[PDB]
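Below is one structure; the comments refer to it alone.
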2 protein chains.
Amino acid sequence: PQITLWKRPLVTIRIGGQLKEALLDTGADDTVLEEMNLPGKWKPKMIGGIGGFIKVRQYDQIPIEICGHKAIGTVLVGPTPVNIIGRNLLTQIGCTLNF
Amino acid sequence: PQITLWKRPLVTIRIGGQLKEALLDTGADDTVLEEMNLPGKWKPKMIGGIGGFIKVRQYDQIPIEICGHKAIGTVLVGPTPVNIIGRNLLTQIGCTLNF
Ligand SMILES: CC[C@H](C)CN(C[C@@H](O)[C@H](Cc1ccccc1)NC(=O)OCCNC(=O)C(Cl)Cl)S(=O)(=O)c1ccc(OC)cc1
């Protein structure tokens, strides 16, 4: 599909058995999801943007479906204000920018 | 062009007559540039990101050439980690996401 940018590019994702709305975010290196109690091992990480850094939990090889396209990779979980799909998964679903 | 996402979508922009590198950032509503001088009046504003809020200078109706495409719109100037081109200008240059 083609998604214009008049509004926030929010799509439905499926992860850890939950459906959520998330931003398709070309500005994000990594994928960052709102706090959720995922099972498995994780590693601490800090990620930074406007305002400063937040503490997140890094989970690897997590299956995630984005707008009906399957992907699997690293997901960062913590107190982000919005669910963010980053380039690590955008590449997996063949997402490009076009103008 | 069509831009894939294995690397950061960095492009050259021209603004206030000077060249800079900036990130095409679909997760950003607004365009935020690192501290710089721009001509004309500005308004004090605040803007949010993943780590909290920052103070910015809002410049309206500013021309900016982004990877060879003209836009004229609002530019926020402040302590962003990276120059980011947000949706307000991505729409002007006809940018969409495709997968
Ligand atoms: C300063 C941008 C920075 C280079 C990347 N950011 C991704 C942006 O697209 C960010 C997404 C976001 C949107 C809304 C709330 C929180 C994060 N957007 C952003 O910072 O917009 C800045 C101006 N704000 C606005 O336009 C509105 Cl949406 Cl508040 S991010 O969320 O901080 C981020 C995401 C992933 C990541 O992995 C390393 C590291 C940082």
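All of the numbers you see were taken from the coordinates with simple rules; none came from a lab. No Cβ is skipped: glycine too gets one built from the backbone with ideal geometry, and neighbour counts run over all protein chains shown.
Strands (runs of 3 or more DSSP E) wholly in segment B:27-98 with at least 2 residues that are within 16 Å of the ligand (Cβ to nearest atom) and crowded, with 20+ Cβ neighbours inside 10 Å - which ones?
Result: B:52-66, B:69-77.
So if I check each of A:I93, A:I3, A:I54, A:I84, which one is in contact (Cβ under 8 Å) with a residue 12 or more places away in the chain, at the interface with chain B (Cβ under 7 Å from one of its Cβ atoms) and out of contact with any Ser or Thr (no Cβ under 9 Å at 6 or more places or on another chain)?
Being in contact (Cβ under 8 Å) with a residue 12 or more places away in the chain, at the interface with chain B (Cβ under 7 Å from one of its Cβ atoms) and out of contact with any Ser or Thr (no Cβ under 9 Å at 6 or more places or on another chain) holds for just one of A:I93, A:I3, A:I54, A:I84, which is A:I93.
Name the single residue that is farthest from A:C95 (Cα to Cα) among those in segment B:5-26 being touching a helix residue (DSSP H, G or I) at 6+ places or on another chain (Cβ under 9 Å) and loosely packed, with under 15 Cβ neighbours inside 10 Å.
For segment B:5-26, the residue satisfying everything is B:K7.
Please go through segment B:57-81 and give me each residue that is touching a residue at least 40 places away in the same chain (Cβ under 8 Å), at the interface with chain A (Cβ under 9 Å from one of its Cβ atoms) and of a type outside the set (A, V, I, L, M, F, W, C), ordered by number.
B:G78, B:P79, B:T80
Output the residues belonging to segment A:71-99 that are touching a helix residue (DSSP H, G or I) at 6+ places or on another chain (Cβ under 9 Å) and small (G, A, S).
A:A71, A:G73
I need a count of the residues in segment B:1-55 that are closer than 13 Å to A:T26 by Cβ and among the hydroxyl-bearing types (S, T, Y).
Residues flagged as closer than 13 Å to A:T26 by Cβ and among the hydroxyl-bearing types (S, T, Y) within segment B:1-55 amount to 2.
For the structure I just gave you, tell me whether A:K43 is more than 14 Å from chain B (Cβ to nearest Cβ), more than 30 Å from B:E34 (Cβ to Cβ) and out of contact with any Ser or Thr (no Cβ under 6 Å at 6 or more places or on another chain).
yes
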